$ cat data05.cif   # mmCIF, C-alpha atoms
data_query
#
loop_
_atom_site.group_PDB
_atom_site.id
_atom_site.type_symbol
_atom_site.label_atom_id
_atom_site.label_comp_id
_atom_site.auth_asym_id
_atom_site.auth_seq_id
_atom_site.Cartn_x
_atom_site.Cartn_y
_atom_site.Cartn_z
ATOM 1 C CA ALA A 24 32.137 3.880 1.770
ATOM 2 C CA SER A 25 29.004 3.631 -0.359
ATOM 3 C CA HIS A 26 26.578 6.548 -0.708
ATOM 4 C CA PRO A 27 22.920 5.445 -0.655
ATOM 5 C CA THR A 28 20.335 7.682 -2.304
ATOM 6 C CA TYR A 29 19.546 10.116 0.511
ATOM 7 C CA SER A 30 16.002 10.721 -0.754
ATOM 8 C CA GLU A 31 14.807 7.118 -0.372
ATOM 9 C CA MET A 32 16.193 6.404 3.118
ATOM 10 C CA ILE A 33 13.133 8.055 4.680
ATOM 11 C CA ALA A 34 10.834 6.182 2.293
ATOM 12 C CA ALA A 35 12.391 2.855 3.280
ATOM 13 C CA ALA A 36 12.264 3.916 6.938
ATOM 14 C CA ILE A 37 8.488 4.295 7.072
ATOM 15 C CA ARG A 38 8.069 1.350 4.680
ATOM 16 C CA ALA A 39 9.828 -0.937 7.176
ATOM 17 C CA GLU A 40 8.666 0.775 10.391
ATOM 18 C CA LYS A 41 5.197 -0.851 10.509
ATOM 19 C CA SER A 42 3.834 1.376 13.277
ATOM 20 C CA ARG A 43 0.412 2.806 14.076
ATOM 21 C CA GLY A 44 1.110 6.442 14.919
ATOM 22 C CA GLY A 45 4.036 6.770 12.522
ATOM 23 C CA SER A 46 7.794 6.998 12.454
ATOM 24 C CA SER A 47 9.390 9.088 15.190
ATOM 25 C CA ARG A 48 12.548 11.153 14.729
ATOM 26 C CA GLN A 49 14.498 8.786 16.961
ATOM 27 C CA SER A 50 13.056 5.930 14.890
ATOM 28 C CA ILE A 51 14.418 7.354 11.623
ATOM 29 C CA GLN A 52 17.767 8.162 13.238
ATOM 30 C CA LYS A 53 18.148 4.660 14.701
ATOM 31 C CA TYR A 54 16.993 3.132 11.411
ATOM 32 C CA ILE A 55 19.785 4.887 9.475
ATOM 33 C CA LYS A 56 22.950 3.459 11.059
ATOM 34 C CA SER A 57 24.213 1.705 7.914
ATOM 35 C CA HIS A 58 27.362 2.945 6.189
ATOM 36 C CA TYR A 59 26.242 6.527 5.547
ATOM 37 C CA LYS A 60 26.800 10.160 6.535
ATOM 38 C CA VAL A 61 28.030 10.412 10.120
ATOM 39 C CA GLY A 62 25.041 12.590 11.003
ATOM 40 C CA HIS A 63 26.700 15.644 12.552
ATOM 41 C CA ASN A 64 24.338 17.701 10.366
ATOM 42 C CA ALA A 65 21.404 15.298 10.757
ATOM 43 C CA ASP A 66 19.126 17.634 12.727
ATOM 44 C CA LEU A 67 19.156 20.124 9.827
ATOM 45 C CA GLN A 68 19.677 17.926 6.747
ATOM 46 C CA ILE A 69 16.762 15.691 7.750
ATOM 47 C CA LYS A 70 14.737 18.835 8.472
ATOM 48 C CA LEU A 71 15.394 20.133 4.955
ATOM 49 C CA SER A 72 14.593 16.759 3.383
ATOM 50 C CA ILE A 73 11.239 16.546 5.187
ATOM 51 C CA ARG A 74 10.483 20.148 4.205
ATOM 52 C CA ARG A 75 11.155 19.397 0.526
ATOM 53 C CA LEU A 76 9.311 16.059 0.595
ATOM 54 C CA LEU A 77 6.279 17.637 2.281
ATOM 55 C CA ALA A 78 6.338 20.471 -0.246
ATOM 56 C CA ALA A 79 5.910 17.637 -2.723
ATOM 57 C CA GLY A 80 3.289 16.104 -0.419
ATOM 58 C CA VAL A 81 4.664 12.623 0.284
ATOM 59 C CA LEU A 82 4.768 12.839 4.105
ATOM 60 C CA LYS A 83 2.407 13.453 7.039
ATOM 61 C CA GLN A 84 2.488 14.482 10.691
ATOM 62 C CA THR A 85 -0.201 14.059 13.340
ATOM 63 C CA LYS A 86 -0.444 14.894 17.037
ATOM 64 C CA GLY A 87 -1.253 12.485 19.836
ATOM 65 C CA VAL A 88 0.358 10.444 22.597
ATOM 66 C CA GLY A 89 3.357 8.185 22.050
ATOM 67 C CA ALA A 90 6.874 8.571 20.674
ATOM 68 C CA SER A 91 8.621 11.899 20.088
ATOM 69 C CA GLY A 92 7.503 11.940 16.444
ATOM 70 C CA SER A 93 4.708 10.679 14.219
ATOM 71 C CA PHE A 94 6.100 11.120 10.704
ATOM 72 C CA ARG A 95 4.309 9.027 8.082
ATOM 73 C CA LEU A 96 5.046 8.635 4.372
ATOM 74 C CA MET B 1 -27.049 -11.580 15.747
ATOM 75 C CA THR B 2 -28.656 -14.741 14.373
ATOM 76 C CA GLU B 3 -28.853 -13.700 10.710
ATOM 77 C CA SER B 4 -25.529 -11.850 11.061
ATOM 78 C CA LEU B 5 -23.240 -14.472 12.633
ATOM 79 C CA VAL B 6 -25.062 -17.767 13.326
ATOM 80 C CA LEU B 7 -28.116 -18.464 11.163
ATOM 81 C CA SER B 8 -27.603 -16.786 7.790
ATOM 82 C CA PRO B 9 -23.812 -17.432 7.574
ATOM 83 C CA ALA B 10 -24.316 -21.097 8.473
ATOM 84 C CA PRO B 11 -23.581 -21.884 4.745
ATOM 85 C CA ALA B 12 -19.964 -21.234 5.742
ATOM 86 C CA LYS B 13 -19.883 -24.851 6.890
ATOM 87 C CA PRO B 14 -21.842 -26.238 3.886
ATOM 88 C CA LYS B 15 -19.555 -24.200 1.609
ATOM 89 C CA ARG B 16 -16.329 -22.916 3.227
ATOM 90 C CA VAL B 17 -14.137 -25.754 4.504
ATOM 91 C CA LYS B 18 -11.077 -24.171 2.888
ATOM 92 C CA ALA B 19 -9.506 -22.820 6.106
ATOM 93 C CA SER B 20 -6.885 -25.456 6.896
ATOM 94 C CA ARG B 21 -3.198 -26.121 7.519
ATOM 95 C CA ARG B 22 -0.608 -27.272 4.946
ATOM 96 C CA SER B 23 -0.730 -23.796 3.380
ATOM 97 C CA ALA B 24 -3.524 -23.230 0.830
ATOM 98 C CA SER B 25 -5.259 -21.114 3.477
ATOM 99 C CA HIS B 26 -8.219 -19.409 1.847
ATOM 100 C CA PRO B 27 -8.684 -15.988 3.482
ATOM 101 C CA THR B 28 -11.434 -15.513 6.041
ATOM 102 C CA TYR B 29 -14.441 -13.275 5.466
ATOM 103 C CA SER B 30 -12.788 -10.042 6.602
ATOM 104 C CA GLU B 31 -9.871 -10.292 4.145
ATOM 105 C CA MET B 32 -10.894 -11.626 0.731
ATOM 106 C CA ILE B 33 -10.124 -8.599 -1.460
ATOM 107 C CA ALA B 34 -6.917 -7.908 0.476
ATOM 108 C CA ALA B 35 -4.955 -10.656 -1.294
ATOM 109 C CA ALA B 36 -6.457 -9.805 -4.683
ATOM 110 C CA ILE B 37 -5.504 -6.139 -4.395
ATOM 111 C CA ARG B 38 -1.990 -6.731 -3.060
ATOM 112 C CA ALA B 39 -1.544 -9.045 -6.065
ATOM 113 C CA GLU B 40 -2.499 -6.305 -8.521
ATOM 114 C CA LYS B 41 -0.883 -4.859 -11.650
ATOM 115 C CA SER B 42 -3.392 -2.108 -12.476
ATOM 116 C CA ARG B 43 -3.271 1.672 -12.022
ATOM 117 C CA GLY B 44 -6.880 2.538 -11.175
ATOM 118 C CA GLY B 45 -7.577 -0.497 -9.012
ATOM 119 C CA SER B 46 -9.627 -3.682 -8.821
ATOM 120 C CA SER B 47 -13.252 -3.771 -9.970
ATOM 121 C CA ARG B 48 -16.442 -5.647 -9.102
ATOM 122 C CA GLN B 49 -16.466 -8.371 -11.761
ATOM 123 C CA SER B 50 -12.677 -8.506 -11.425
ATOM 124 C CA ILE B 51 -13.108 -9.241 -7.709
ATOM 125 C CA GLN B 52 -15.646 -11.877 -8.732
ATOM 126 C CA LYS B 53 -13.025 -13.535 -10.938
ATOM 127 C CA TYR B 54 -10.263 -13.511 -8.320
ATOM 128 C CA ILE B 55 -12.537 -14.814 -5.545
ATOM 129 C CA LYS B 56 -14.356 -17.216 -7.878
ATOM 130 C CA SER B 57 -11.929 -20.084 -7.164
ATOM 131 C CA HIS B 58 -13.529 -21.840 -4.169
ATOM 132 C CA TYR B 59 -15.524 -19.095 -2.433
ATOM 133 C CA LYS B 60 -19.251 -19.457 -1.776
ATOM 134 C CA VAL B 61 -21.345 -17.026 -3.809
ATOM 135 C CA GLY B 62 -24.806 -17.166 -2.205
ATOM 136 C CA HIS B 63 -26.441 -13.808 -1.550
ATOM 137 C CA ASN B 64 -23.038 -12.516 -0.423
ATOM 138 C CA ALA B 65 -22.048 -11.340 -3.906
ATOM 139 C CA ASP B 66 -25.399 -9.524 -4.022
ATOM 140 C CA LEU B 67 -25.608 -7.753 -0.641
ATOM 141 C CA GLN B 68 -22.516 -8.255 1.422
ATOM 142 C CA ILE B 69 -19.733 -7.433 -1.056
ATOM 143 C CA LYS B 70 -20.857 -3.815 -1.343
ATOM 144 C CA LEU B 71 -22.069 -3.848 2.267
ATOM 145 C CA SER B 72 -18.526 -4.700 3.415
ATOM 146 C CA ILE B 73 -17.096 -2.169 0.955
ATOM 147 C CA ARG B 74 -19.176 0.541 2.639
ATOM 148 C CA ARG B 75 -18.296 -0.859 6.075
ATOM 149 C CA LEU B 76 -14.581 -0.577 5.304
ATOM 150 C CA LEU B 77 -15.050 2.956 3.955
ATOM 151 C CA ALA B 78 -16.769 3.838 7.239
ATOM 152 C CA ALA B 79 -13.922 2.209 9.187
ATOM 153 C CA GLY B 80 -11.317 3.939 7.004
ATOM 154 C CA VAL B 81 -9.898 0.677 5.677
ATOM 155 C CA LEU B 82 -9.896 0.995 1.868
ATOM 156 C CA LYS B 83 -9.897 3.775 -0.730
ATOM 157 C CA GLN B 84 -10.676 3.965 -4.451
ATOM 158 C CA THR B 85 -10.160 6.212 -7.480
ATOM 159 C CA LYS B 86 -12.900 8.268 -9.121
ATOM 160 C CA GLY B 87 -13.373 7.955 -12.862
ATOM 161 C CA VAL B 88 -15.575 6.845 -15.729
ATOM 162 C CA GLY B 89 -14.501 4.261 -18.292
ATOM 163 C CA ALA B 90 -12.051 2.482 -15.988
ATOM 164 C CA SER B 91 -14.968 0.161 -15.091
ATOM 165 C CA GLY B 92 -14.047 0.004 -11.432
ATOM 166 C CA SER B 93 -11.441 0.989 -8.848
ATOM 167 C CA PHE B 94 -10.520 -0.441 -5.436
ATOM 168 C CA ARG B 95 -7.543 -0.127 -3.080
ATOM 169 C CA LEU B 96 -6.896 -1.099 0.529
ATOM 170 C CA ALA B 97 -4.771 0.846 3.009
ATOM 171 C CA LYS B 98 -1.294 0.524 1.495
ATOM 172 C CA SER B 99 1.582 2.890 2.296
ATOM 173 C CA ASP B 100 3.680 2.882 -0.876
ATOM 174 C CA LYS B 101 2.757 6.074 -2.778
ATOM 175 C CA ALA B 102 2.132 9.766 -2.218
ATOM 176 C CA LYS B 103 -1.037 10.544 -0.276
ATOM 177 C CA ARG B 104 -1.818 13.644 -2.355
ATOM 178 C CA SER B 105 -0.617 14.804 -5.762
ATOM 179 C CA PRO B 106 -1.587 17.661 -8.110
ATOM 180 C CA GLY B 107 -2.094 15.146 -10.930
ATOM 181 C CA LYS B 108 0.486 13.672 -13.297
ATOM 182 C CA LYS B 109 1.328 10.643 -15.435
ATOM 183 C CA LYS B 110 4.037 8.009 -15.048
ATOM 184 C CA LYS B 111 6.489 6.642 -17.622
ATOM 185 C CA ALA B 112 8.221 3.491 -18.847
ATOM 186 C CA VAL B 113 11.753 2.903 -20.126
ATOM 187 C CA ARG B 114 12.815 0.892 -23.184
ATOM 188 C CA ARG B 115 16.552 0.227 -23.540
ATOM 189 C CA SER B 116 17.302 1.563 -27.023
ATOM 190 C CA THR B 117 19.824 4.362 -26.461
ATOM 191 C CA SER B 118 22.149 2.758 -23.893
ATOM 192 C CA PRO B 119 24.141 0.561 -26.352
ATOM 193 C CA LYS B 120 24.695 3.553 -28.641
ATOM 194 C CA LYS B 121 25.610 5.702 -25.636
ATOM 195 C CA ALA B 122 28.167 3.286 -24.181
ATOM 196 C CA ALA B 123 30.629 4.232 -26.936
ATOM 197 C CA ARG B 124 30.354 7.991 -26.327
ATOM 198 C CA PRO B 125 32.679 8.101 -23.265
ATOM 199 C CA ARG B 126 35.078 5.832 -25.155
ATOM 200 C CA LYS B 127 34.764 8.058 -28.232
ATOM 201 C CA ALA B 128 35.475 11.289 -26.335
#
$ encode --input "data05.cif" --output "structure tokens"
Amino acid sequence: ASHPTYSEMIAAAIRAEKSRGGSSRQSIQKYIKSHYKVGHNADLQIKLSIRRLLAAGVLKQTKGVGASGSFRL
Amino acid sequence: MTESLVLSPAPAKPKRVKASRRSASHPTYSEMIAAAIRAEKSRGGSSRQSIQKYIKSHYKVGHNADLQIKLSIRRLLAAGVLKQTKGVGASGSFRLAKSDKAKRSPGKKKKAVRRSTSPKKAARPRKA
């Protein structure tokens, strides 16, 4: 029933991921299965959060070969 | 290869016997400054004489502190291992590859909090 700070879930996700290419979208989704928002709006709410956080400049994305995403804090 | 790995770093045996079990594992050659910079409380970063102090415990000095400290610094910059911060008057700056802060920023300053207003503010909801 608790509401964790939605801004820092992504931060903790790439902090604990420990991956070379970066966190993939499935990786963030599977990381956030604690008691939180059910995620029916995930595909857009996460999109907006990454847009805002990258407007700040605290995220990265690179292209290559591997998982479906390469998001890095 | 001789003066790089066999002949010139032979002093590693006359000087560095500190790699052992029962904890107390002194870091190998590739990772001295790593421990010092993870155990850091500064804002600009570690410095040269500061690195000398942290690695001064039981680490052989030799000609390493003359050539190879900055040689390995440049090697890690070439390999994309560590970064630093530009400035004058900070007397040094060093940082390894750590993912804890923003990669870019337009430039700002941080803050600190001293609890002085919370006790006076606790009575406000009770007041009205």
$ resolve_selection --input "data05.cif" --expression "the PyMOL selection byres ((chain B) within 10 of (chain A))" --output "list in words"
residues 98, 99, 100, 101, 102, 103, 104, 105 and 106 of chain B
$ residues_around --input "data05.cif" --residues "residue 33 (chain A)" --least-positions-apart "2" --cutoff "12 Å" --atoms "all atoms listed in the file" --output "compact mmCIF listing (two decimals) with C-alpha atoms, in the frame of the given file"
# COMPACT_ATOMS: atom_id res chain seq x y z
CA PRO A 27 22.92 5.44 -0.66
CA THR A 28 20.34 7.68 -2.30
CA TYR A 29 19.55 10.12 0.51
CA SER A 30 16.00 10.72 -0.75
CA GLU A 31 14.81 7.12 -0.37
CA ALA A 35 12.39 2.86 3.28
CA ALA A 36 12.26 3.92 6.94
CA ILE A 37 8.49 4.30 7.07
CA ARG A 38 8.07 1.35 4.68
CA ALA A 39 9.83 -0.94 7.18
CA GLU A 40 8.67 0.78 10.39
CA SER A 46 7.79 7.00 12.45
CA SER A 47 9.39 9.09 15.19
CA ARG A 48 12.55 11.15 14.73
CA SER A 50 13.06 5.93 14.89
CA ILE A 51 14.42 7.35 11.62
CA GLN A 52 17.77 8.16 13.24
CA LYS A 53 18.15 4.66 14.70
CA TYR A 54 16.99 3.13 11.41
CA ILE A 55 19.78 4.89 9.48
CA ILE A 69 16.76 15.69 7.75
CA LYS A 70 14.74 18.84 8.47
CA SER A 72 14.59 16.76 3.38
CA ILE A 73 11.24 16.55 5.19
CA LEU A 76 9.31 16.06 0.60
CA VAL A 81 4.66 12.62 0.28
CA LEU A 82 4.77 12.84 4.11
CA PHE A 94 6.10 11.12 10.70
CA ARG A 95 4.31 9.03 8.08
CA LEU A 96 5.05 8.64 4.37
$ atom_distance --input "data05.cif" --atom1 "CA of residue 87 (chain A)" --atom2 "CA of residue 49 (chain A)"
16.4 Å
$ closest_residue --input "data05.cif" --among "B:24, B:123, B:15, B:113" --to "residue 62 (chain B)" --atoms "all atoms listed in the file"
B:15
$ resolve_selection --input "data05.cif" --expression "the PyMOL selection byres ((chain B and resi 68-82) around 7)" --output "number ranges by chain"
B: 64-67, 83, 95-97
$ resolve_selection --input "data05.cif" --expression "the PyMOL selection byres ((chain B and resi 47) around 9)" --output "number ranges by chain"
B: 45-46, 48-52, 90-94
